[PDB]
>>> print(open('query16.tsv').read())   # TSV, C-alpha atoms and all ligand atoms
chain	number	residue	atom	x	y	z
A	1	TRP	CA	0.00	0.00	0.00
A	2	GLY	CA	1.28	3.54	-0.40
A	3	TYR	CA	0.05	6.95	-1.51
A	4	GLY	CA	0.46	6.79	-5.28
A	5	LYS	CA	-2.03	6.37	-8.14
A	6	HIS	CA	-1.76	2.62	-8.16
A	7	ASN	CA	-1.49	1.83	-4.47
A	8	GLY	CA	-2.91	4.87	-2.67
A	9	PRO	CA	-5.91	5.40	-0.34
A	10	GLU	CA	-8.61	4.57	-2.86
A	11	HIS	CA	-7.17	1.07	-3.39
A	12	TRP	CA	-6.71	0.21	0.27
A	13	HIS	CA	-10.05	-1.44	0.69
A	14	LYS	CA	-9.03	-4.39	-1.53
A	15	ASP	CA	-6.47	-5.57	0.98
A	16	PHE	CA	-8.00	-4.00	4.13
A	17	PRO	CA	-11.81	-4.12	3.82
A	18	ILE	CA	-12.21	-2.17	7.10
A	19	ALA	CA	-11.32	0.95	4.98
A	20	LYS	CA	-15.03	1.24	4.21
A	21	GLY	CA	-16.05	0.56	7.85
A	22	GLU	CA	-18.17	2.53	10.27
A	23	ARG	CA	-15.62	4.57	12.32
A	24	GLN	CA	-12.80	5.43	9.95
A	25	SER	CA	-10.39	8.33	10.25
A	26	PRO	CA	-9.59	11.08	9.42
A	27	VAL	CA	-12.83	13.18	9.20
A	28	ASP	CA	-13.70	16.75	8.59
A	29	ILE	CA	-14.46	18.52	11.88
A	30	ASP	CA	-17.46	20.74	11.21
A	31	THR	CA	-17.09	23.35	13.98
A	32	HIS	CA	-20.78	24.23	13.94
A	33	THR	CA	-22.07	20.66	14.33
A	34	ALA	CA	-19.57	19.69	17.01
A	35	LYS	CA	-21.29	19.45	20.39
A	36	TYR	CA	-19.79	21.37	23.30
A	37	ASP	CA	-19.83	18.76	26.05
A	38	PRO	CA	-19.25	20.30	29.55
A	39	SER	CA	-18.63	16.84	31.04
A	40	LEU	CA	-15.32	16.62	29.19
A	41	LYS	CA	-12.46	16.71	31.68
A	42	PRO	CA	-9.26	18.73	30.88
A	43	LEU	CA	-6.51	16.69	29.20
A	44	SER	CA	-3.59	15.66	31.39
A	45	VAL	CA	-0.36	15.24	29.39
A	46	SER	CA	2.51	14.03	31.64
A	47	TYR	CA	5.57	13.97	29.31
A	48	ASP	CA	8.33	15.11	31.73
A	49	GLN	CA	9.87	11.62	32.17
A	50	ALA	CA	9.74	10.75	28.49
A	51	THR	CA	12.55	8.66	27.07
A	52	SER	CA	13.04	8.76	23.27
A	53	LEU	CA	15.11	5.97	21.83
A	54	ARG	CA	15.28	6.27	18.04
A	55	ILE	CA	13.95	7.74	14.81
A	56	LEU	CA	13.12	5.47	11.91
A	57	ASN	CA	12.07	5.92	8.30
A	58	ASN	CA	9.55	3.11	7.68
A	59	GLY	CA	8.69	3.89	4.06
A	60	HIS	CA	5.51	5.88	4.74
A	61	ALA	CA	6.61	8.37	7.44
A	62	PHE	CA	9.42	8.72	9.99
A	63	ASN	CA	8.59	7.61	13.56
A	64	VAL	CA	10.25	8.83	16.81
A	65	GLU	CA	9.97	5.85	19.23
A	66	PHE	CA	9.77	6.01	22.99
A	67	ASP	CA	10.46	3.64	25.82
A	68	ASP	CA	6.97	2.51	26.85
A	69	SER	CA	7.97	-0.23	29.38
A	70	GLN	CA	6.84	1.88	32.36
A	71	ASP	CA	4.52	4.90	32.79
A	72	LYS	CA	6.92	7.63	31.69
A	73	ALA	CA	5.01	9.73	29.18
A	74	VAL	CA	1.30	9.31	29.70
A	75	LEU	CA	-2.02	10.84	28.62
A	76	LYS	CA	-5.16	10.71	30.77
A	77	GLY	CA	-8.18	12.93	31.36
A	78	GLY	CA	-10.29	14.42	28.59
A	79	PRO	CA	-12.56	11.66	27.16
A	80	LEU	CA	-10.33	8.80	28.36
A	81	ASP	CA	-10.71	6.33	31.16
A	82	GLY	CA	-7.32	5.04	32.20
A	83	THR	CA	-3.77	5.83	31.39
A	84	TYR	CA	-2.47	5.70	27.88
A	85	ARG	CA	1.34	5.36	27.33
A	86	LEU	CA	3.23	7.21	24.57
A	87	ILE	CA	4.82	4.70	22.25
A	88	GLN	CA	5.70	6.93	19.16
A	89	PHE	CA	4.90	10.03	17.14
A	90	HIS	CA	5.01	10.70	13.38
A	91	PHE	CA	3.78	13.34	10.95
A	92	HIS	CA	1.81	13.46	7.71
A	93	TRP	CA	2.70	16.33	5.33
A	94	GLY	CA	2.04	17.60	1.84
A	95	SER	CA	4.07	18.47	-1.24
A	96	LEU	CA	2.73	22.06	-0.97
A	97	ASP	CA	1.86	24.15	2.11
A	98	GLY	CA	-1.91	24.09	1.60
A	99	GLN	CA	-2.35	20.35	2.08
A	100	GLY	CA	-0.81	17.74	4.30
A	101	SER	CA	-3.05	17.34	7.35
A	102	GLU	CA	-5.34	14.33	7.55
A	103	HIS	CA	-8.11	15.88	9.65
A	104	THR	CA	-9.51	19.13	8.29
A	105	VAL	CA	-11.49	21.86	10.18
A	106	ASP	CA	-14.44	23.27	8.17
A	107	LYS	CA	-12.72	21.71	5.17
A	108	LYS	CA	-9.45	23.68	5.85
A	109	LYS	CA	-6.34	21.54	5.24
A	110	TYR	CA	-3.14	22.42	7.19
A	111	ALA	CA	0.50	21.88	6.04
A	112	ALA	CA	1.06	18.87	8.27
A	113	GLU	CA	-0.37	16.93	11.20
A	114	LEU	CA	1.49	15.42	14.16
A	115	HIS	CA	0.17	12.20	15.70
A	116	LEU	CA	1.31	11.25	19.16
A	117	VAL	CA	0.30	7.64	19.61
A	118	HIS	CA	-0.59	6.18	22.99
A	119	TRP	CA	-1.91	2.76	24.05
A	120	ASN	CA	-4.20	1.85	26.96
A	121	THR	CA	-2.14	0.23	29.72
A	122	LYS	CA	-5.09	-1.85	30.90
A	123	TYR	CA	-4.28	-4.07	27.91
A	124	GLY	CA	-0.66	-4.88	28.75
A	125	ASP	CA	1.04	-4.13	25.43
A	126	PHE	CA	0.38	-2.32	22.14
A	127	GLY	CA	-0.45	-5.50	20.17
A	128	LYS	CA	-3.28	-6.37	22.61
A	129	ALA	CA	-4.49	-2.74	22.70
A	130	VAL	CA	-5.00	-2.78	18.89
A	131	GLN	CA	-7.65	-5.51	19.37
A	132	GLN	CA	-9.78	-3.18	21.50
A	133	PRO	CA	-12.34	-0.43	20.63
A	134	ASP	CA	-10.66	1.84	23.22
A	135	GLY	CA	-7.11	0.47	22.88
A	136	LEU	CA	-5.47	3.67	21.56
A	137	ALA	CA	-5.58	7.41	22.05
A	138	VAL	CA	-3.99	9.59	19.46
A	139	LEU	CA	-3.27	13.27	19.95
A	140	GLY	CA	-3.36	15.22	16.67
A	141	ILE	CA	-1.78	18.65	16.34
A	142	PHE	CA	-2.05	20.71	13.18
A	143	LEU	CA	1.04	22.41	11.77
A	144	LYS	CA	0.87	25.67	9.86
A	145	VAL	CA	3.77	27.53	8.18
A	146	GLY	CA	4.88	30.66	9.91
A	147	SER	CA	7.63	31.03	12.49
A	148	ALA	CA	10.05	28.25	13.27
A	149	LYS	CA	9.19	25.85	16.10
A	150	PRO	CA	12.47	25.61	18.10
A	151	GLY	CA	11.52	22.27	19.71
A	152	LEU	CA	11.17	20.72	16.24
A	153	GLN	CA	14.75	21.50	15.11
A	154	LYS	CA	16.44	18.38	16.65
A	155	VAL	CA	14.04	16.27	14.56
A	156	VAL	CA	14.64	18.28	11.39
A	157	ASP	CA	18.43	17.98	11.70
A	158	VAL	CA	18.52	14.17	12.03
A	159	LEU	CA	16.43	13.53	8.86
A	160	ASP	CA	19.46	13.32	6.60
A	161	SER	CA	20.54	10.23	8.49
A	162	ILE	CA	17.31	8.43	7.69
A	163	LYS	CA	16.67	9.50	4.14
A	164	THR	CA	15.57	6.12	2.89
A	165	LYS	CA	13.23	3.35	3.90
A	166	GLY	CA	14.61	1.11	6.59
A	167	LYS	CA	17.25	3.46	8.02
A	168	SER	CA	17.12	4.44	11.68
A	169	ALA	CA	19.25	6.61	13.99
A	170	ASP	CA	19.48	6.73	17.79
A	171	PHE	CA	17.51	9.71	19.05
A	172	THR	CA	17.67	9.99	22.80
A	173	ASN	CA	16.70	12.77	25.21
A	174	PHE	CA	14.14	14.40	22.87
A	175	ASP	CA	11.46	16.18	24.87
A	176	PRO	CA	8.01	15.95	23.23
A	177	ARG	CA	6.69	18.93	25.27
A	178	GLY	CA	8.33	21.32	22.79
A	179	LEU	CA	5.81	20.33	20.14
A	180	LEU	CA	2.72	21.25	22.18
A	181	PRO	CA	0.56	24.38	21.56
A	182	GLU	CA	-0.38	26.69	24.43
A	183	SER	CA	-3.96	25.57	24.74
A	184	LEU	CA	-5.13	22.06	25.27
A	185	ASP	CA	-8.71	22.63	24.01
A	186	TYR	CA	-9.77	19.77	21.73
A	187	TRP	CA	-12.36	17.97	19.63
A	188	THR	CA	-12.77	14.20	20.21
A	189	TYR	CA	-14.56	11.41	18.30
A	190	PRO	CA	-14.16	7.54	17.97
A	191	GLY	CA	-12.12	6.59	14.85
A	192	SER	CA	-9.30	4.43	13.39
A	193	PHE	CA	-5.63	4.24	12.40
A	194	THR	CA	-5.28	6.34	9.21
A	195	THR	CA	-2.75	3.88	7.65
A	196	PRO	CA	-3.21	0.10	7.00
A	197	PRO	CA	-4.25	-1.96	8.90
A	198	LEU	CA	-6.82	0.88	9.64
A	199	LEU	CA	-8.16	-0.82	12.80
A	200	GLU	CA	-10.98	0.89	14.65
A	201	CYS	CA	-9.22	1.22	17.96
A	202	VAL	CA	-8.72	4.98	18.36
A	203	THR	CA	-10.13	7.77	20.54
A	204	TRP	CA	-8.98	10.78	18.58
A	205	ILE	CA	-8.19	13.98	20.44
A	206	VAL	CA	-7.50	16.73	17.94
A	207	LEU	CA	-6.28	20.06	19.41
A	208	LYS	CA	-7.91	23.25	18.31
A	209	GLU	CA	-4.75	25.30	18.31
A	210	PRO	CA	-2.12	24.69	15.56
A	211	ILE	CA	1.62	25.00	16.11
A	212	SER	CA	3.69	27.02	13.63
A	213	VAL	CA	6.81	25.69	11.87
A	214	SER	CA	8.91	27.58	9.31
A	215	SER	CA	8.94	26.93	5.61
A	216	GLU	CA	12.52	25.62	5.85
A	217	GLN	CA	11.61	23.16	8.64
A	218	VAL	CA	8.75	21.60	6.68
A	219	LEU	CA	10.91	21.63	3.50
A	220	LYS	CA	13.34	19.19	5.19
A	221	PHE	CA	10.39	16.70	5.63
A	222	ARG	CA	9.91	16.85	1.90
A	223	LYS	CA	13.43	15.58	1.15
A	224	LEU	CA	12.80	12.17	2.73
A	225	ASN	CA	12.29	9.13	0.48
A	226	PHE	CA	9.62	6.45	0.28
A	227	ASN	CA	12.06	4.10	-1.47
A	228	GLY	CA	14.92	2.13	0.04
A	229	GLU	CA	18.55	3.00	-0.76
A	230	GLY	CA	19.65	2.06	-4.29
A	231	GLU	CA	16.08	2.18	-5.65
A	232	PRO	CA	14.70	5.04	-7.84
A	233	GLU	CA	13.98	8.09	-5.78
A	234	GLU	CA	10.36	8.77	-4.82
A	235	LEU	CA	10.05	11.80	-2.48
A	236	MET	CA	8.06	11.28	0.67
A	237	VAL	CA	5.36	13.91	0.30
A	238	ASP	CA	1.58	13.74	0.59
A	239	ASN	CA	1.49	10.75	2.86
A	240	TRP	CA	-2.05	11.62	4.09
A	241	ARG	CA	-5.39	9.88	3.74
A	242	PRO	CA	-8.46	11.94	2.63
A	243	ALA	CA	-11.36	12.62	5.01
A	244	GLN	CA	-13.76	9.75	5.56
A	245	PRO	CA	-17.61	9.87	6.07
A	246	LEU	CA	-18.54	10.56	9.63
A	247	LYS	CA	-21.46	8.01	9.46
A	248	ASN	CA	-23.44	9.05	12.62
A	249	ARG	CA	-20.62	9.58	14.96
A	250	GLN	CA	-20.76	12.88	16.80
A	251	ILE	CA	-17.75	15.12	17.36
A	252	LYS	CA	-17.72	16.50	20.91
A	253	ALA	CA	-15.82	19.74	21.74
A	254	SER	CA	-14.19	20.54	25.09
A	255	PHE	CA	-14.91	24.27	24.47
A	301	HG	HG	-9.65	-2.34	17.64
A	302	ZN	ZN	-0.61	9.33	11.59
>>> encode(input="query16.tsv", output="structure tokens")
Amino acid sequence: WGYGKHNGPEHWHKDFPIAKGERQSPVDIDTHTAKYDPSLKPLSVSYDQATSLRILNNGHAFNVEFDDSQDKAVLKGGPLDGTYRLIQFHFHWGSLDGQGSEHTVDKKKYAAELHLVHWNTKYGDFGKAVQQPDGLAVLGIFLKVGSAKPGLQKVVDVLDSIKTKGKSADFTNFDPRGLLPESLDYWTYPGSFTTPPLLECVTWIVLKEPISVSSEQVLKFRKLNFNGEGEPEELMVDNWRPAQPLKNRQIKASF
């Protein structure tokens, strides 16, 4: 599967029939139909003891991986019951600045979207959590082009080391707090992974506030490659899935 004409999102259903299921992601967040729900608790993001281990180009995005063998970087509160551990984050971006996010807001597409992936510790490990309707919680943050995000520069500088599919580089002591916006207001709905296997395991928490990155920071993302070393070069751009039908799910807003 991939993002091209012959293997991109509109073909995915042949190998992963859940693509056409009932709670697929991403979706358009219609701000006027989203229900303010005053029972939504504030999010609690405890990332101060986070341990990053490595960054990896896996052929469809680059992932920063974290040590999830103990409760070091956890998410709780908001719509969640329980503690969700951070296992990795990755981005989706476009070839141009006006596209790249997966989720849209009143049909507006942003330049990129960050997904911080967490699994529910009640289930023991990530592989068991992906068999559950509430096994994962993913935090989505929109990126728009403006001023440089200082906390993103460590990530941008290592990307040369992992240009092609399959390469990885050690990436310790990265603090994920530098990628957070000021406000933690959010929209939340039940959804899925946005890449194969597209399992319907995810409580999505999409933050209202975007972070800004500079044009030169997001340009470095665009130099990555989908291909492995020694294969023809295919630039890793537009690795995002289009919005899916909401199908009688309701988006709740914390604000
Ligand atoms: Hg699931
Ligand atoms: Zn993602």
>>> residues_near_ligand(input="query16.tsv", ligand="ligand HG 301 (chain A)", cutoff="9 Å", atoms="all atoms listed in the file", output="list in words")
residues 129, 130, 131, 132, 133, 134, 135, 136, 192, 199, 200, 201 and 202 of chain A
>>> residues_near_ligand(input="query16.tsv", ligand="ligand ZN 302 (chain A)", cutoff="9 Å", atoms="all atoms listed in the file", output="list in words")
residues 61, 89, 90, 91, 92, 102, 113, 114, 115, 116, 117, 138, 140, 193, 194, 195 and 240 of chain A
>>> residues_around(input="query16.tsv", residues="residue 184 of chain A", least_positions_apart="3", cutoff="10 Å", atoms="all atoms listed in the file", output="mmCIF file with C-alpha atoms, keeping the file's coordinate frame")
data_model
loop_
_atom_site.group_PDB
_atom_site.id
_atom_site.type_symbol
_atom_site.label_atom_id
_atom_site.label_comp_id
_atom_site.auth_asym_id
_atom_site.auth_seq_id
_atom_site.Cartn_x
_atom_site.Cartn_y
_atom_site.Cartn_z
ATOM 1 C CA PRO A 42 -9.260 18.730 30.880
ATOM 2 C CA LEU A 43 -6.510 16.690 29.200
ATOM 3 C CA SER A 44 -3.590 15.660 31.390
ATOM 4 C CA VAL A 45 -0.360 15.240 29.390
ATOM 5 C CA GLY A 78 -10.290 14.420 28.590
ATOM 6 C CA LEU A 180 2.720 21.250 22.180
ATOM 7 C CA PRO A 181 0.560 24.380 21.560
ATOM 8 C CA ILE A 205 -8.190 13.980 20.440
ATOM 9 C CA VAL A 206 -7.500 16.730 17.940
ATOM 10 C CA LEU A 207 -6.280 20.060 19.410
ATOM 11 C CA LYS A 208 -7.910 23.250 18.310
ATOM 12 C CA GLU A 209 -4.750 25.300 18.310
ATOM 13 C CA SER A 254 -14.190 20.540 25.090
#
>>> atom_distance(input="query16.tsv", atom1="atom CA of residue 2 of chain A", atom2="atom CA of residue 104 of chain A")
20.9 Å
>>> closest_residue(input="query16.tsv", among="A:72, A:122, A:249, A:223", to="residue 86 of chain A", atoms="only C-alpha atoms")
A:72
>>> closest_residue(input="query16.tsv", among="A:101, A:52, A:248, A:58", to="residue 210 of chain A", atoms="only C-alpha atoms")
A:101
>>> closest_residue(input="query16.tsv", among="A:103, A:154, A:20, A:85", to="residue 121 of chain A", atoms="all atoms listed in the file")
A:85
>>> atom_distance(input="query16.tsv", atom1="atom CA of residue 151 of chain A", atom2="atom CA of residue 233 of chain A")
29.3 Å
>>> residues_around(input="query16.tsv", residues="residue 13 of chain A", least_positions_apart="2", cutoff="12 Å", atoms="only C-alpha atoms", output="ChimeraX atom specification")
/A:1,7-11,15-21,24,195-198
>>> write_last_selection(input="query16.tsv", atoms="C-alpha atoms", output="compact mmCIF listing (two decimals), keeping the file's coordinate frame")
# COMPACT_ATOMS: atom_id res chain seq x y z
CA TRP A 1 0.00 0.00 0.00
CA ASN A 7 -1.49 1.83 -4.47
CA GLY A 8 -2.91 4.87 -2.67
CA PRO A 9 -5.91 5.40 -0.34
CA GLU A 10 -8.61 4.57 -2.86
CA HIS A 11 -7.17 1.07 -3.39
CA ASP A 15 -6.47 -5.57 0.98
CA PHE A 16 -8.00 -4.00 4.13
CA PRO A 17 -11.81 -4.12 3.82
CA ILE A 18 -12.21 -2.17 7.10
CA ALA A 19 -11.32 0.95 4.98
CA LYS A 20 -15.03 1.24 4.21
CA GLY A 21 -16.05 0.56 7.85
CA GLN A 24 -12.80 5.43 9.95
CA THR A 195 -2.75 3.88 7.65
CA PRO A 196 -3.21 0.10 7.00
CA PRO A 197 -4.25 -1.96 8.90
CA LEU A 198 -6.82 0.88 9.64
>>> closest_residue(input="query16.tsv", among="A:150, A:4, A:94, A:228", to="residue 175 of chain A", atoms="all atoms listed in the file")
A:150
>>> atom_distance(input="query16.tsv", atom1="atom CA of residue 231 of chain A", atom2="atom CA of residue 219 of chain A")
22.1 Å
>>> residues_around(input="query16.tsv", residues="segment 244-246 of chain A", least_positions_apart="5", cutoff="7 Å", atoms="all atoms listed in the file", output="JSON, numbers by chain")
{"A": [24, 25, 26, 27]}
>>> axis_aligned_box(input="query16.tsv", around="segment 182-191 of chain A", padding_each_side="4 Å", output="lines of an AutoDock Vina configuration file")
center_x = -7.5
center_y = 16.6
center_z = 20.1
size_x = 22.2
size_y = 28.1
size_z = 18.4
>>> closest_residue(input="query16.tsv", among="A:253, A:171, A:156, A:163", to="residue 229 of chain A", atoms="all atoms listed in the file")
A:163
>>> closest_residue(input="query16.tsv", among="A:190, A:59, A:146, A:100", to="residue 250 of chain A", atoms="all atoms listed in the file")
A:190
>>> residues_around(input="query16.tsv", residues="residue 51 of chain A", least_positions_apart="6", cutoff="12 Å", atoms="only C-alpha atoms", output="VMD selection string")
chain A and resid 64 to 74 85 to 88 170 to 177
>>> decode(input="query16.tsv", residues="segment 129-178 of chain A", atoms="C-alpha atoms", output="PDB file, in the first residue's frame")
ATOM      1  CA  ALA A 129      -4.485  -2.736  22.699  1.00  0.00           C
ATOM      2  CA  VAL A 130      -4.996  -2.777  18.885  1.00  0.00           C
ATOM      3  CA  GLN A 131      -7.646  -5.509  19.369  1.00  0.00           C
ATOM      4  CA  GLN A 132      -9.785  -3.181  21.502  1.00  0.00           C
ATOM      5  CA  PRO A 133     -12.341  -0.425  20.633  1.00  0.00           C
ATOM      6  CA  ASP A 134     -10.662   1.838  23.223  1.00  0.00           C
ATOM      7  CA  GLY A 135      -7.113   0.466  22.881  1.00  0.00           C
ATOM      8  CA  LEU A 136      -5.471   3.671  21.563  1.00  0.00           C
ATOM      9  CA  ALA A 137      -5.577   7.408  22.048  1.00  0.00           C
ATOM     10  CA  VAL A 138      -3.989   9.594  19.455  1.00  0.00           C
ATOM     11  CA  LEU A 139      -3.268  13.266  19.950  1.00  0.00           C
ATOM     12  CA  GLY A 140      -3.361  15.221  16.673  1.00  0.00           C
ATOM     13  CA  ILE A 141      -1.780  18.654  16.336  1.00  0.00           C
ATOM     14  CA  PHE A 142      -2.051  20.706  13.179  1.00  0.00           C
ATOM     15  CA  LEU A 143       1.043  22.412  11.771  1.00  0.00           C
ATOM     16  CA  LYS A 144       0.868  25.673   9.857  1.00  0.00           C
ATOM     17  CA  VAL A 145       3.774  27.528   8.179  1.00  0.00           C
ATOM     18  CA  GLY A 146       4.880  30.656   9.915  1.00  0.00           C
ATOM     19  CA  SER A 147       7.626  31.032  12.491  1.00  0.00           C
ATOM     20  CA  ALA A 148      10.046  28.249  13.265  1.00  0.00           C
ATOM     21  CA  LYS A 149       9.185  25.852  16.099  1.00  0.00           C
ATOM     22  CA  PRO A 150      12.470  25.610  18.098  1.00  0.00           C
ATOM     23  CA  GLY A 151      11.516  22.268  19.709  1.00  0.00           C
ATOM     24  CA  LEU A 152      11.175  20.717  16.244  1.00  0.00           C
ATOM     25  CA  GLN A 153      14.754  21.498  15.106  1.00  0.00           C
ATOM     26  CA  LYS A 154      16.438  18.384  16.649  1.00  0.00           C
ATOM     27  CA  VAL A 155      14.042  16.272  14.555  1.00  0.00           C
ATOM     28  CA  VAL A 156      14.644  18.279  11.393  1.00  0.00           C
ATOM     29  CA  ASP A 157      18.428  17.982  11.697  1.00  0.00           C
ATOM     30  CA  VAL A 158      18.522  14.173  12.029  1.00  0.00           C
ATOM     31  CA  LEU A 159      16.430  13.529   8.865  1.00  0.00           C
ATOM     32  CA  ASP A 160      19.459  13.323   6.596  1.00  0.00           C
ATOM     33  CA  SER A 161      20.537  10.230   8.490  1.00  0.00           C
ATOM     34  CA  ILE A 162      17.307   8.427   7.690  1.00  0.00           C
ATOM     35  CA  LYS A 163      16.673   9.498   4.143  1.00  0.00           C
ATOM     36  CA  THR A 164      15.565   6.115   2.889  1.00  0.00           C
ATOM     37  CA  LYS A 165      13.228   3.352   3.902  1.00  0.00           C
ATOM     38  CA  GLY A 166      14.606   1.114   6.592  1.00  0.00           C
ATOM     39  CA  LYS A 167      17.249   3.456   8.019  1.00  0.00           C
ATOM     40  CA  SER A 168      17.117   4.437  11.676  1.00  0.00           C
ATOM     41  CA  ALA A 169      19.246   6.608  13.991  1.00  0.00           C
ATOM     42  CA  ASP A 170      19.479   6.730  17.789  1.00  0.00           C
ATOM     43  CA  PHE A 171      17.509   9.705  19.046  1.00  0.00           C
ATOM     44  CA  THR A 172      17.673   9.991  22.805  1.00  0.00           C
ATOM     45  CA  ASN A 173      16.699  12.766  25.207  1.00  0.00           C
ATOM     46  CA  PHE A 174      14.143  14.397  22.869  1.00  0.00           C
ATOM     47  CA  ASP A 175      11.460  16.184  24.871  1.00  0.00           C
ATOM     48  CA  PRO A 176       8.010  15.950  23.234  1.00  0.00           C
ATOM     49  CA  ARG A 177       6.692  18.929  25.266  1.00  0.00           C
ATOM     50  CA  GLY A 178       8.328  21.316  22.795  1.00  0.00           C
TER      51      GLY A 178
END
